[PDB]
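A.B. asks: I need the structure of the sequence given here:
(one chain, ligands or ions: 1)
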Amino acid sequence: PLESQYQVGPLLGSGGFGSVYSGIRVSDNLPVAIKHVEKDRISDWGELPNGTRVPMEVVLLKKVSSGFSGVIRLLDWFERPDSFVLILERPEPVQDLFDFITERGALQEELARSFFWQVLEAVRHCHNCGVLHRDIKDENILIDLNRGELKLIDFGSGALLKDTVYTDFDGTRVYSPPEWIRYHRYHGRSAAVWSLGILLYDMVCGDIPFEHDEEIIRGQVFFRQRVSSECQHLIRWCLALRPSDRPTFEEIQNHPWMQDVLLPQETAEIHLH
Ligand SMILES: COc1ccc2c(c1)[nH]c(=O)c1sc3ccccc3c12
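C.D. replies: Numbers count the residues shown, from 1 in each chain. Pasting the structure now:
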């Protein structure tokens, strides 16, 4: 049982998704996180390669939890009467990027360069694993503060990766690409590039670039902060209106602004310790 094996601590979070508690694995005092989700409110189910019929979040988690990555891993899970319970990695100490930016404002370019890279590597990882995240934002990124290592969370909005069009999107409005606003159609990769464009803006500007639909389809970014002529390029390109004009992950990662990335410890040394 879940109540036997894991010492429940405080509650870290609540919402549309569910409820998430800090927790300790008794069997060796390993930090964990315990996410509970009512079956009642589960929007999108799936079946795992054992047959068993679980929520989609669980399948995806299994797929990406091969080897090491910047993806919060699944360690375990339990079904109950009216809920499923998920044991995830908990790093210690840890703060999510939405809090981090809210607290500390616009990030220095060197720091944003590290974090973005890290996110790109992680998203690449997911795509190799057949998984599309679909809600890529500050709130879904945790920063292990000692290692300076970014880790990806929440696959509630996620899906299997595919090359044909997508026609639902239970992720956030402001981060929604204009092809979805206008047509209720998009493709995973290109739209992922769109949300990464919004993410990079947030990092370097302290706030997201578009508040309303009209601004999004406008497709026009005013920098409120001093940003390098090079970063502005890469942001504007990720936020190109026609998706086919947006870069690929490779093109992002060879863009001049993404040169000389600090590694995670170095990043923490300078910017977090
Ligand atoms: C305030 O909203 C939160 C806050 C936190 C989480 C969260 C949502 N969703 C998660 O899947 C996880 S996993 C994890 C692991 C360690 C620490 C936090 C989390 C969260």
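A.B. asks: For the stretch 151-273 of the chain, just list every one of the strands.
C.D. replies: In the stretch 151-273 of the chain, the segments counted as strands under DSSP state E, counting those that start in this stretch are 159-160.
A.B. asks: Residue numbers of it in contact with the ligand?
C.D. replies: Those residues of the stretch 151-273 of the chain that sit near the ligand, judged by Cβ under 6 Å from any ligand atom, are 153-154. No exception for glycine: its C-beta is placed from N, CA and C like everyone else's.
A.B. asks: can you give me the helices for the stretch 151-273 of the chain?
C.D. replies: With DSSP state H, counting those that start in this stretch, the ranges of helices along the stretch 151-273 of the chain come out as 178-183, 188-205, 213-218, 229-238, 249-253, 264-271.
A.B. asks: Phi and psi next, for residue 149.
C.D. replies: The phi and psi torsions at residue 149 (degrees, to the nearest 10) take the values phi -110, psi 120.
A.B. asks: Now it: closest residue in space, sequence neighbours ignored.
C.D. replies: The spatial neighbour of residue 149 that comes closest, neighbours along the chain excluded (Cβ to Cβ, 6 or more residues apart in numbering), is residue 264 at 4.6 Å.
A.B. asks: Where is the longest helix in the chain?
C.D. replies: Selection of the longest helix in the chain by residue count, based on DSSP state H, yields helix 109-128.
A.B. asks: In PDB, please show the C-alpha coordinates belonging to that helix.
C.D. replies: Coordinates of the C-alpha atoms in helix 109-128 are reproduced here as PDB (Å, rounded to 0.1, in the frame of the first residue of the first chain):
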ATOM      1  CA  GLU A 109      21.200  36.200 -20.200                       C
ATOM      2  CA  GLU A 110      23.800  33.700 -19.100                       C
ATOM      3  CA  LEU A 111      21.400  32.100 -16.700                       C
ATOM      4  CA  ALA A 112      18.500  32.000 -19.300                       C
ATOM      5  CA  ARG A 113      20.900  30.400 -21.800                       C
ATOM      6  CA  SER A 114      21.600  27.500 -19.300                       C
ATOM      7  CA  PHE A 115      18.000  26.900 -18.400                       C
ATOM      8  CA  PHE A 116      16.700  27.100 -22.000                       C
ATOM      9  CA  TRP A 117      19.300  24.600 -23.200                       C
ATOM     10  CA  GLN A 118      18.400  22.300 -20.400                       C
ATOM     11  CA  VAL A 119      14.800  22.600 -21.400                       C
ATOM     12  CA  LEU A 120      15.600  21.900 -25.000                       C
ATOM     13  CA  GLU A 121      17.600  18.800 -24.100                       C
ATOM     14  CA  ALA A 122      14.700  17.600 -22.000                       C
ATOM     15  CA  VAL A 123      12.100  18.200 -24.600                       C
ATOM     16  CA  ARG A 124      14.300  16.500 -27.200                       C
ATOM     17  CA  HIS A 125      14.400  13.600 -24.800                       C
ATOM     18  CA  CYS A 126      10.600  13.400 -24.500                       C
ATOM     19  CA  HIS A 127      10.400  13.400 -28.400                       C
ATOM     20  CA  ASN A 128      12.800  10.600 -28.700                       C
END
